[PDB]
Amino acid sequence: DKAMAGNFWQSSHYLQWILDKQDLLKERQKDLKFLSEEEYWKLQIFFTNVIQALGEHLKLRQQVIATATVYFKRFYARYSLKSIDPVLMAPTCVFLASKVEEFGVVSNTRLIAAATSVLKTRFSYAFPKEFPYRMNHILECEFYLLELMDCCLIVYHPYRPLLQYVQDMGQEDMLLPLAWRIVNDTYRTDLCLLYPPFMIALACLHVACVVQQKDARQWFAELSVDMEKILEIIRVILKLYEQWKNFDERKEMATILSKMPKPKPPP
């Protein structure tokens, strides 16, 4: 079983990295001078997908990708997109999260090759130019990221609790695959910053049940949990699929990237 697995309520994630929505949106206003709210969430989706691609190319397990994704989000929850190029930050996050478990120091040549290949083959609609960063930049960016997070590296995710929930239902074969993929999709939103992972797990499981037309009302009713907060999460999930439908990543994103604020150079 995983280290610290039962320690959430005393963890740095819960105590320092569950943010208030209003504080979050307040800090966001800085970048909203350049981007609309809509373009900001489209950017979020976009960089979620970049990190997933990098993770897949490096054959990392989904938990590692999730952890990398959380690192990335925590950074731009406090700082402007101009502070550090998200194209550098994204592989930096993957690299750090890989090192958090055994089998992890992705080689230099391999990190760079992965980022180079993924942008060229999967993201040429956004990036006409080749990946311009080298490993010394990754390592510089790593120190800034570690500083921002005050070395809080252990991240909890909804996968573990989800698994326990469906096992209790006795519906692991029917519900897990869909519920799992919906959890993946929650990373396209602010959800992991705002709610404990087990609540997100329940919301995902609920949407999976609805989609598959399974009655689980009694099981849910037997839960001792603020169900109003679960409904909040369900609404964000349903909204995300409508955003997904209307958003054409490949036609829009080059233009959205050009609007992102630019780093000021030195004197």
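Think of the rigid core as the biggest set of C-alphas that the two forms share within 1.5 Å after superposition. Quick note: we count residues from 1 along the sequence shown, nothing fancier.
- Superposing the other copies on the rigid core and comparing 98 to 106 to 160 to 168, farther C-alpha placement in 9 other deposited structures of this protein marks 98 to 106.
- In this entry, 212 to 220 has the higher mean Cα B-factor, the comparison being between 59 to 67 and 212 to 220.
- Judged by mean Cα B factor in the deposited record, 120 to 128 ranks above the other of 184 to 192 and 120 to 128.
- The entry lists C-alpha B-factors for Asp85, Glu172, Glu147, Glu140, and the highest of these is at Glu172.
- Taking the PDB entry at face value, the top CA B factor among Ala115, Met135, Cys93, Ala179 belongs to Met135.
- Sort the modelled residues of the chain by CA B factor and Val106 lands in the highest third.
- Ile18: CA B factor in the middle third of modelled residues in this chain (values from the PDB entry).
- In the PDB entry, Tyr40 places in the lowest third of its chain by CA B-factor.
- When the modelled residues of the chain are ordered by C-alpha B-factor, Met199 sits in the middle third.
- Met253: CA B factor in the lowest third of modelled residues in this chain (values from the PDB entry).
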